[PDB]
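Trainee: Let me give you the structure first, and then I'll get to my questions.
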Amino acid sequence: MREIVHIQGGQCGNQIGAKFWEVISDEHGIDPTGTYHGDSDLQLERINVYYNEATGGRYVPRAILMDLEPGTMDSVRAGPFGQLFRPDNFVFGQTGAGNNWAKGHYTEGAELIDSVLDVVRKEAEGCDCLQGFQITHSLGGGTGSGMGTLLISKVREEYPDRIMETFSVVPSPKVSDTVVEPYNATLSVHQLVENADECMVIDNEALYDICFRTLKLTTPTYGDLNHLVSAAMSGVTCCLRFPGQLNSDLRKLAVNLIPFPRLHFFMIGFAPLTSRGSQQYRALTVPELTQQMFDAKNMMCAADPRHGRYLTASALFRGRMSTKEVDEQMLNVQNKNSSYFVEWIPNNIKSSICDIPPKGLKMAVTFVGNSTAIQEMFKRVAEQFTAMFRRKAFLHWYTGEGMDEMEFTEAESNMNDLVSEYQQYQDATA
Amino acid sequence: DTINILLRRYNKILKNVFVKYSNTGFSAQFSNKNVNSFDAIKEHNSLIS
Amino acid sequence: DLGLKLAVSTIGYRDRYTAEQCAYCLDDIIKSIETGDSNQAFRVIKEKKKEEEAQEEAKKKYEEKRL
Amino acid sequence: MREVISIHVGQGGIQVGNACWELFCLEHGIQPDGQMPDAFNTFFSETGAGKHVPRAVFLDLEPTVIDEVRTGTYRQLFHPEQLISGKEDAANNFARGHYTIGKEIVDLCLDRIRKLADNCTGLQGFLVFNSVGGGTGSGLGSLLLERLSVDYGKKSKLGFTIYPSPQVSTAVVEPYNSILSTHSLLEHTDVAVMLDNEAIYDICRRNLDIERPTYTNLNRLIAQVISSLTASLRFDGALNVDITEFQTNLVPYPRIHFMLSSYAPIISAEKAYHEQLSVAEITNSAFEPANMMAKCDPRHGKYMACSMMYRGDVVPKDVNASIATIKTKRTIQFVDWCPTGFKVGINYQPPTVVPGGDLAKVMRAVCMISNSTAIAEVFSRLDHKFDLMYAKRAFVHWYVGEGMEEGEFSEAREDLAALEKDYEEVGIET
Amino acid sequence: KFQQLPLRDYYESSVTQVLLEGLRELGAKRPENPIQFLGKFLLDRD
Amino acid sequence: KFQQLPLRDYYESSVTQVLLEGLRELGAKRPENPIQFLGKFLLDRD
Amino acid sequence: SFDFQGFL
Ligand SMILES: Nc1nc2c(ncn2[C@@H]2O[C@H](COP(=O)(O)OP(=O)(O)OP(=O)(O)O)[C@@H](O)[C@H]2O)c(=O)[nH]1
Ligand SMILES: Nc1nc2c(ncn2[C@@H]2O[C@H](COP(=O)(O)OP(=O)(O)O)[C@@H](O)[C@H]2O)c(=O)[nH]1
Ligand SMILES: [Mg+2]
């Protein structure tokens, strides 16, 4: 019951999913052949959340994979746990977008999306009670940031009451791999605010910083960043698949973390994270988890959370632990940092406890906090956008496929209005 | 009268400064384990050392 | 802004949110009155897609003419 | 020929119902399978041959807790189709559980209530348990109380609500639905007992000497209080008290029926037997402000009426000799228009111990239910918390979009202001 | 479906075009009896 | 004079109170014919 | 330790 379907688009989203599904399968004891080989009874009670049942007793994820080029899905199939995905759900084009948002949203993405919407509708109509959808995509690419966001609007138009999740990677100015990143980032943020019920920003720069400083491993690769993102993704829905002292589905988090409908851009972090050589030194206790949870360097975004004030915060503890300690520590982390918490909403931290810890760990915490410090990312994105747009650089590529500069002006104005009205509440006082 | 007027004018600043510094000291007494009551935490947070 | 905020400030605290929503909405016709576009009262590719859909439909209609 | 029906709604309600139903089964000698290997009739019913069925119903929209109940050791006890379960949780939204999803479930609950009531012949009244700071709990409790008040009329209903702590909180939006639910049960419930978690945490820490308590330890104390309250209906005693003999002794006026409880002694077996536990010392400990079961200071207000239950080998003359001492003390003062304010009950059955629990076995115990003027502080602080966020209309869109009108928030505020004025008007001397 | 829409959405989906047209002419004509003129205009719009 | 006031000031000084009153009842009653009800309401206000 | 009045 109350299950969700998985939809991913683009190369970055496909690579994120290729590790997210591996993590989920390892958590539920599903072999790469789709056969259950788990140890505990609880591993099968709520498997309908992510997995479907077919004849022969094997399980198949309800994931939908889409891209405008076939290479990435032809590569993910040969990887581990690549056989679980149903071949029918693979939809792809023969041309690609070339990191051009217009091509992936107006000319090419519009004709292809009917086929993927057909299978999306097939998956949603069938399921017992829908909880919602979760979306993984990147804002630094053309086909992803175009087709995914248009699909968001199409899904929202047909299921207005369901919940919608988006895990979005925004292009940081530090590690830049594409010159046309500001254009399709700014165009995508315009559409994303209007339809997504929840959005979670993730930055490659913050992932590299975490890998270099906390884990202290010499050579980070995309596999480590994907693993961290996958652990963070799994931590959110853990209590929906396992029993606990205070169950809290996604809708309950939506109620408690979004004060106003347009303020739904969160930054997350996962604890504990320790190096291989120091994993024996540390002792896992609730104070040790909560001190690392609110650490500024532990956030999955380069945004500095002590440059603003938290509107609200959430924590999803895992493992068996006493609730009194959790509540007193949450109170203590809020009394010692009163300057960084907005004062006109008292008791702005939500807590939840799940009795099933991750495989290999005795305690774990997932942190989701809505803070005013996120304005800095939109500020720098808009700064680069307006630095590049004033000369009409690279504009002809977009304008040759039916798009105009008016949609750029409206997007810039709406993004600046969002930036302004997000900080409006930072200076608000009672 | 002039000091009381100034203290009223700047009361919001003085109260922000008071609240900012009143919880910055390391008191071993109020380490989270032995503060049995919310009232004791509230009383400590209302004092500056 | 002005004149509409002083009018919203004359409405009791229970209905002030509704009056603020009505004032934002009243901001809605005014822009149209000020300007002239009946599509600002809520919340390459577009043109091309519309054109293509119309053309296909037109061909079907042509087929209806053909019928 | 005397019966009572207990209603459990929400996660907290179900988790305290489990706690009370181990205790009752243990106290009446019934095994967890429901089989005995004439006092049971108050809580149970005979099936003709063999097992006993509790006169209780479990309600929740979120299925995890009920599924946990239906697989534990008590799977054979409860009737399979009185554990009503939903599919979608209200997610801490009060408007959801009062207007959207609770209405489709409330009819089945009312049918079950009728089917249980037709069996009873001497129905004393109803008991209801619900944690107030949640969507489904508060909303469904309000709707059930409103339906029962008109279906049955003058039958007595008792509510063991758990209000949020002064500063410790798990959610961020619980003041809104707490205020709305207080509005709903102010004109619909005959008795309401205060049960916030912080006071019981302090009790456990100081007396039981547990530094890491969980919810089970709290629920066991609540279960002991319930057993002490209802012992007089199913055991022989020198001075009996019935449920219907409350509004004539503790409720001076129809509006004022919120009172706070205390229990004594609370002590562990490691140091219980070193002291004699006389009746005088336990009745002194029960009146200590630090042993209140709700975090309120009785020294800040007058007393109106005290109803306090004993059980064990206590002799009435020793009780009178201790009531005199309390009347003597200068730190406890009663209201002017109440010369005598004590109602005393004496029972012979000593409290029963649960194996593996915290409390030890003792021959004397005292449970007090006291109505005092000092309770207005919790209302004032909840009102202050509510006003801070209602000034900017925060989180209101999550309620307006679930069918509730805009003006519904204001009238709850007006009723709380009326209640606070009434409490001040009553406490002044003539 | 107007009965299901919120108050603000209800007005914009029920009397949006009529109010815009009536107020537009009202501001342009500035009649001595704006209420009477607007009332008749609404009935004539239908 | 209303004719000299800007569009915003003109509406707020000419039809602000009437529109707010009509919208208030419109959102509370949610009639099937909001436009017709509002039009009659304006004429009745005078 | 001063209260807020002692701090003033
Ligand atoms: N004393 C006590 N309080 C609890 C317990 N569990 C939850 N609560 C309280 O209940 C409040 C929230 O309501 P819950 O009972 O957890 O959830 P709910 O009533 O089912 O409402 P939903 O969130 O919609 O499911 C929290 O603030 C807790 O303080 C418990 O086991 N014992
Ligand atoms: N975490 C992670 N990020 C990736 C990976 N591959 C690419 N990216 C990011 O995705 C961005 C490029 O997106 P792109 O591949 O063009 O998306 P597409 O246009 O939808 O195919 C780069 O800035 C990378 O930082 C990966 O395997 N893992
Ligand atoms: Mg619940």
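Naming works like this for the structure tokens: A, B, ... for the chains as they're shown, residue 1 at the start of each chain, ligands 1 onward in shown order.
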Which chains and residue numbers are within 6 Å of ligand 2, counting only C-alpha atoms and all ligand atoms, if I want them as a PyMOL selection string?
Mentor: chain A and resi 10-12+15+99+138+140-144+177+204+222+225-226
Trainee: Since we have the selection now, will you write its residues out, keeping N, CA and C atoms, as a PDB file, in the first residue's frame?
Mentor:
```
ATOM      1  N   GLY A  10      17.609  11.334 -18.415  1.00  0.00           N
ATOM      2  CA  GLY A  10      18.948  11.832 -18.631  1.00  0.00           C
ATOM      3  C   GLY A  10      20.010  10.845 -18.190  1.00  0.00           C
ATOM      4  N   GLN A  11      21.258  11.199 -18.498  1.00  0.00           N
ATOM      5  CA  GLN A  11      22.381  10.337 -18.134  1.00  0.00           C
ATOM      6  C   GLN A  11      22.643  10.381 -16.634  1.00  0.00           C
ATOM      7  N   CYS A  12      22.630  11.582 -16.048  1.00  0.00           N
ATOM      8  CA  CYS A  12      22.898  11.717 -14.620  1.00  0.00           C
ATOM      9  C   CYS A  12      21.833  11.004 -13.797  1.00  0.00           C
ATOM     10  N   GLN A  15      22.367   7.239 -14.035  1.00  0.00           N
ATOM     11  CA  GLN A  15      23.463   6.799 -13.178  1.00  0.00           C
ATOM     12  C   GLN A  15      23.103   6.850 -11.700  1.00  0.00           C
ATOM     13  N   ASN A  99      22.521  18.930 -25.183  1.00  0.00           N
ATOM     14  CA  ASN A  99      22.531  19.887 -24.079  1.00  0.00           C
ATOM     15  C   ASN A  99      21.767  21.158 -24.430  1.00  0.00           C
ATOM     16  N   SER A 138      18.993  15.911 -13.820  1.00  0.00           N
ATOM     17  CA  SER A 138      20.021  16.934 -13.674  1.00  0.00           C
ATOM     18  C   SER A 138      19.591  18.203 -14.399  1.00  0.00           C
ATOM     19  N   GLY A 140      21.814  20.483 -15.327  1.00  0.00           N
ATOM     20  CA  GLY A 140      22.923  20.882 -16.175  1.00  0.00           C
ATOM     21  C   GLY A 140      22.902  20.343 -17.583  1.00  0.00           C
ATOM     22  N   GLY A 141      21.923  19.513 -17.925  1.00  0.00           N
ATOM     23  CA  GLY A 141      21.841  18.947 -19.257  1.00  0.00           C
ATOM     24  C   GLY A 141      20.592  19.381 -19.995  1.00  0.00           C
ATOM     25  N   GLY A 142      20.602  19.271 -21.318  1.00  0.00           N
ATOM     26  CA  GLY A 142      19.469  19.704 -22.114  1.00  0.00           C
ATOM     27  C   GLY A 142      18.291  18.755 -22.088  1.00  0.00           C
ATOM     28  N   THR A 143      18.510  17.515 -22.534  1.00  0.00           N
ATOM     29  CA  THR A 143      17.408  16.562 -22.636  1.00  0.00           C
ATOM     30  C   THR A 143      16.785  16.284 -21.272  1.00  0.00           C
ATOM     31  N   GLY A 144      17.606  16.100 -20.244  1.00  0.00           N
ATOM     32  CA  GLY A 144      17.091  15.879 -18.911  1.00  0.00           C
ATOM     33  C   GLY A 144      16.253  17.048 -18.428  1.00  0.00           C
ATOM     34  N   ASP A 177      31.146  21.668 -16.256  1.00  0.00           N
ATOM     35  CA  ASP A 177      31.450  20.779 -17.367  1.00  0.00           C
ATOM     36  C   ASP A 177      30.728  21.154 -18.652  1.00  0.00           C
ATOM     37  N   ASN A 204      27.507  18.624  -7.154  1.00  0.00           N
ATOM     38  CA  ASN A 204      28.709  17.800  -7.261  1.00  0.00           C
ATOM     39  C   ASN A 204      29.855  18.377  -6.445  1.00  0.00           C
ATOM     40  N   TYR A 222      32.541   8.955  -9.595  1.00  0.00           N
ATOM     41  CA  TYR A 222      31.090   9.128  -9.646  1.00  0.00           C
ATOM     42  C   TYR A 222      30.362   8.039  -8.873  1.00  0.00           C
ATOM     43  N   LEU A 225      29.884   9.411  -5.219  1.00  0.00           N
ATOM     44  CA  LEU A 225      28.846  10.432  -5.175  1.00  0.00           C
ATOM     45  C   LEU A 225      27.470   9.811  -5.352  1.00  0.00           C
ATOM     46  N   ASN A 226      27.347   8.880  -6.306  1.00  0.00           N
ATOM     47  CA  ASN A 226      26.102   8.153  -6.490  1.00  0.00           C
ATOM     48  C   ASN A 226      25.725   7.351  -5.253  1.00  0.00           C
TER      49      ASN A 226
END
```
Trainee: At a cut-off of 10 Å, which residues of chain D touch chain C? Count only C-alpha atoms and give the answer as a PyMOL selection string.
Mentor: chain D and resi 390-393+396+406-411
Trainee: Deliver the residues from the most recent selection as a file, using N, CA, C and O atoms, as a short mmCIF file (atom, residue, chain, number, x, y, z; two decimals), in the first residue's frame.
Mentor:
```cif
data_model
loop_
_atom_site.label_atom_id
_atom_site.label_comp_id
_atom_site.auth_asym_id
_atom_site.auth_seq_id
_atom_site.Cartn_x
_atom_site.Cartn_y
_atom_site.Cartn_z
N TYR D 390 -0.04 32.21 13.29
CA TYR D 390 -1.28 32.62 12.65
C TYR D 390 -1.24 34.10 12.27
O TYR D 390 -2.08 34.55 11.47
N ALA D 391 -0.31 34.87 12.83
CA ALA D 391 -0.18 36.27 12.43
C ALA D 391 0.18 36.39 10.95
O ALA D 391 -0.36 37.26 10.24
N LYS D 392 1.09 35.54 10.47
CA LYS D 392 1.52 35.55 9.08
C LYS D 392 0.80 34.53 8.22
O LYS D 392 1.17 34.36 7.05
N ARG D 393 -0.22 33.85 8.75
CA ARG D 393 -0.98 32.82 8.04
C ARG D 393 -0.08 31.69 7.52
O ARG D 393 -0.29 31.18 6.42
N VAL D 396 -1.26 27.64 6.62
CA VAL D 396 -2.71 27.65 6.49
C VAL D 396 -3.14 27.01 5.18
O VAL D 396 -4.20 26.37 5.11
N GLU D 406 -11.74 29.43 6.00
CA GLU D 406 -10.73 30.34 6.54
C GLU D 406 -11.07 30.76 7.97
O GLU D 406 -10.18 30.84 8.82
N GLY D 407 -12.35 31.01 8.26
CA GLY D 407 -12.74 31.53 9.56
C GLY D 407 -12.73 30.53 10.68
O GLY D 407 -12.88 30.93 11.84
N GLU D 408 -12.56 29.24 10.38
CA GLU D 408 -12.60 28.21 11.42
C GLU D 408 -11.47 28.35 12.43
O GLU D 408 -11.63 27.87 13.56
N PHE D 409 -10.36 28.98 12.07
CA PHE D 409 -9.26 29.15 13.01
C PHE D 409 -9.59 30.20 14.07
O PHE D 409 -9.19 30.07 15.23
N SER D 410 -10.31 31.25 13.68
CA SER D 410 -10.56 32.36 14.58
C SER D 410 -11.46 31.96 15.74
O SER D 410 -11.23 32.36 16.89
N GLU D 411 -12.51 31.18 15.47
CA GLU D 411 -13.47 30.87 16.52
C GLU D 411 -12.88 29.95 17.58
O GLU D 411 -13.27 30.02 18.75
#
```
Trainee: Find the residues around residue 42 in chain E up to 9 Å (only C-alpha atoms counted), leave out those fewer than 4 positions away in its own chain, and share them as a short mmCIF file (atom, residue, chain, number, x, y, z; two decimals) with N, CA, C and O atoms, in the first residue's frame.
Mentor:
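Contents of result_33.cif, freshly written:
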```
data_model
loop_
_atom_site.label_atom_id
_atom_site.label_comp_id
_atom_site.auth_asym_id
_atom_site.auth_seq_id
_atom_site.Cartn_x
_atom_site.Cartn_y
_atom_site.Cartn_z
N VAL E 18 -16.33 38.72 -16.89
CA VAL E 18 -17.42 39.70 -16.73
C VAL E 18 -16.92 40.92 -15.98
O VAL E 18 -17.18 42.06 -16.39
N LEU E 19 -16.22 40.73 -14.88
CA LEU E 19 -15.73 41.86 -14.09
C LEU E 19 -14.72 42.68 -14.90
O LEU E 19 -14.73 43.90 -14.86
N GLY E 22 -16.75 44.63 -17.55
CA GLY E 22 -17.57 45.67 -16.92
C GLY E 22 -16.73 46.79 -16.35
O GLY E 22 -17.01 47.97 -16.57
N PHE E 37 -25.22 50.76 -14.11
CA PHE E 37 -24.67 50.40 -15.42
C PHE E 37 -24.01 49.03 -15.36
O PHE E 37 -24.22 48.18 -16.23
N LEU E 38 -23.21 48.78 -14.33
CA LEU E 38 -22.52 47.50 -14.20
C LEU E 38 -23.52 46.37 -14.01
O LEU E 38 -23.36 45.29 -14.58
N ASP E 46 -24.45 37.60 -19.68
CA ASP E 46 -24.96 36.23 -19.62
C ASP E 46 -23.94 35.24 -20.19
O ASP E 46 -24.19 34.60 -21.21
N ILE F 35 -21.42 35.08 -11.37
CA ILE F 35 -21.48 36.33 -12.14
C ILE F 35 -22.85 36.99 -11.99
O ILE F 35 -22.95 38.19 -11.74
N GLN F 36 -23.90 36.22 -12.15
CA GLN F 36 -25.25 36.77 -12.03
C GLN F 36 -25.50 37.27 -10.61
O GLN F 36 -26.05 38.36 -10.41
N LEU F 38 -23.24 38.25 -8.38
CA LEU F 38 -22.41 39.43 -8.13
C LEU F 38 -22.99 40.65 -8.84
O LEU F 38 -23.00 41.74 -8.28
N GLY F 39 -23.47 40.48 -10.05
CA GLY F 39 -24.05 41.60 -10.80
C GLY F 39 -25.25 42.18 -10.06
O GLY F 39 -25.37 43.39 -9.90
N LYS F 40 -26.13 41.32 -9.59
CA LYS F 40 -27.30 41.79 -8.84
C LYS F 40 -26.87 42.44 -7.53
O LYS F 40 -27.44 43.43 -7.10
#
```
Trainee: Please identify every polymer residue within 8 Å of ligand 1, using only C-alpha atoms and all ligand atoms, and present the set as a PyMOL selection string.
Mentor: (chain A and resi 245-248+252) or (chain D and resi 9-13+15-16+60-62+89-94+97+130-138+162-165+169-171+174+195-197+215-216+218-219)
Trainee: Enumerate as a PyMOL selection string the residues belonging to chain F that approach chain D to within 12 Å, with only C-alpha atoms taken into account.
Mentor: chain F and resi 24+27-29
Trainee: I want to know what sits within 9 Å of residue 246 in chain D, based on only C-alpha atoms, with residues of the same chain fewer than 4 positions away left out; could you give that as a VMD selection string?
Mentor: chain D and resid 191 241 to 242 250 to 251 307
Trainee: Using N, CA and C atoms, can you export the residues from the last selection as an mmCIF file, in the first residue's frame?
Mentor:
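The resulting file, again.cif, is shown below:
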```
data_model
loop_
_atom_site.group_PDB
_atom_site.id
_atom_site.type_symbol
_atom_site.label_atom_id
_atom_site.label_comp_id
_atom_site.auth_asym_id
_atom_site.auth_seq_id
_atom_site.Cartn_x
_atom_site.Cartn_y
_atom_site.Cartn_z
ATOM 1 N N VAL D 191 -15.060 14.515 30.665
ATOM 2 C CA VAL D 191 -13.823 14.600 31.439
ATOM 3 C C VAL D 191 -12.646 14.556 30.476
ATOM 4 N N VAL D 241 -16.434 3.961 44.324
ATOM 5 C CA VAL D 241 -16.692 5.125 43.486
ATOM 6 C C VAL D 241 -16.994 4.630 42.077
ATOM 7 N N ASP D 242 -18.036 5.195 41.472
ATOM 8 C CA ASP D 242 -18.429 4.859 40.111
ATOM 9 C C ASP D 242 -18.030 5.985 39.175
ATOM 10 N N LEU D 250 -16.233 16.594 40.898
ATOM 11 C CA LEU D 250 -15.032 17.233 40.388
ATOM 12 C C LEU D 250 -15.303 18.356 39.403
ATOM 13 N N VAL D 251 -16.530 18.500 38.917
ATOM 14 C CA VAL D 251 -16.825 19.445 37.843
ATOM 15 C C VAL D 251 -17.754 20.529 38.373
ATOM 16 N N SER D 307 -10.206 14.434 43.866
ATOM 17 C CA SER D 307 -10.691 13.063 43.946
ATOM 18 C C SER D 307 -9.489 12.139 43.845
#
```
Trainee: For a quick test of understanding: name the residues of chain D lying within 9 Å of chain B when counting only C-alpha atoms, and present them as a VMD selection string.
Mentor: chain D and resid 166 to 168 198 to 199 201 to 202 205 to 206 211
Trainee: When the cut-off is 7 Å and we count only C-alpha atoms, which residues of chain A are near chain B, given as a PyMOL selection string?
Mentor: chain A and resi 332+336+339
Trainee: In Å, with one decimal, what is the gap from CA of residue 173 in chain A to CA of residue 303 in chain A?
Mentor: 12.4 Å
Trainee: Which residues of chain F sit at most 7 Å from chain C, using only C-alpha atoms? Give each one's shortest atom pair and distance in Å (one decimal place), in chain and ascending residue order, as JSON lines.
Mentor:
```
{"residue": "F:8", "atom": "CA", "partner": "C:3", "partner_atom": "CA", "distance": 6.9}
{"residue": "F:9", "atom": "CA", "partner": "C:3", "partner_atom": "CA", "distance": 5.5}
{"residue": "F:12", "atom": "CA", "partner": "C:4", "partner_atom": "CA", "distance": 6.0}
{"residue": "F:20", "atom": "CA", "partner": "C:19", "partner_atom": "CA", "distance": 6.9}
```
Trainee: Save the residues we just selected, N, CA and C atoms, as a short mmCIF file (atom, residue, chain, number, x, y, z; two decimals), in the first residue's frame?
Mentor:
```cif
data_model
loop_
_atom_site.label_atom_id
_atom_site.label_comp_id
_atom_site.auth_asym_id
_atom_site.auth_seq_id
_atom_site.Cartn_x
_atom_site.Cartn_y
_atom_site.Cartn_z
N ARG F 8 -5.25 51.94 -10.37
CA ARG F 8 -5.30 51.26 -9.07
C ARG F 8 -6.08 52.09 -8.06
N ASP F 9 -5.76 53.36 -7.94
CA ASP F 9 -6.44 54.22 -6.97
C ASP F 9 -7.91 54.37 -7.35
N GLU F 12 -9.74 51.17 -6.22
CA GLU F 12 -9.79 51.10 -4.75
C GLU F 12 -10.69 52.18 -4.16
N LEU F 20 -15.07 43.73 -2.72
CA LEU F 20 -14.69 42.91 -1.57
C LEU F 20 -15.93 42.32 -0.90
#
```
Trainee: Could you pull out the residues in chain C that DSSP calls helix (DSSP H, G or I) from the backbone, as number ranges by chain?
Mentor: C: 3-8, 16-34, 45-66
Trainee: Can you tell me, as JSON, numbers by chain, what residues are no more than 7 Å from range 364-370 of chain D when counting only C-alpha atoms, ignoring any on the same chain fewer than 6 positions away?
Mentor: {"D": [225, 228, 259, 260, 261, 262, 263, 264, 265, 282, 283, 305, 306, 307, 308, 309, 310, 311, 312, 313, 314, 350]}
Trainee: Write out as a PyMOL selection string which residues come within 9 Å of residue 397 in chain D when counting only C-alpha atoms, dropping same-chain ones fewer than 6 positions away.
Mentor: chain A and resi 259-261
Trainee: To one decimal place, how far is CA of residue 89 in chain A from CA of residue 111 in chain A in Å?
Mentor: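 Separation between CA of residue 89 in chain A and CA of residue 111 in chain A: 17.2 Å.
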Trainee: What is the CA of residue 52 in chain D-CA of residue 34 in chain D distance in Å, reported with one decimal?
Mentor: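 Going from CA of residue 52 in chain D over to CA of residue 34 in chain D, I get 5.5 Å.
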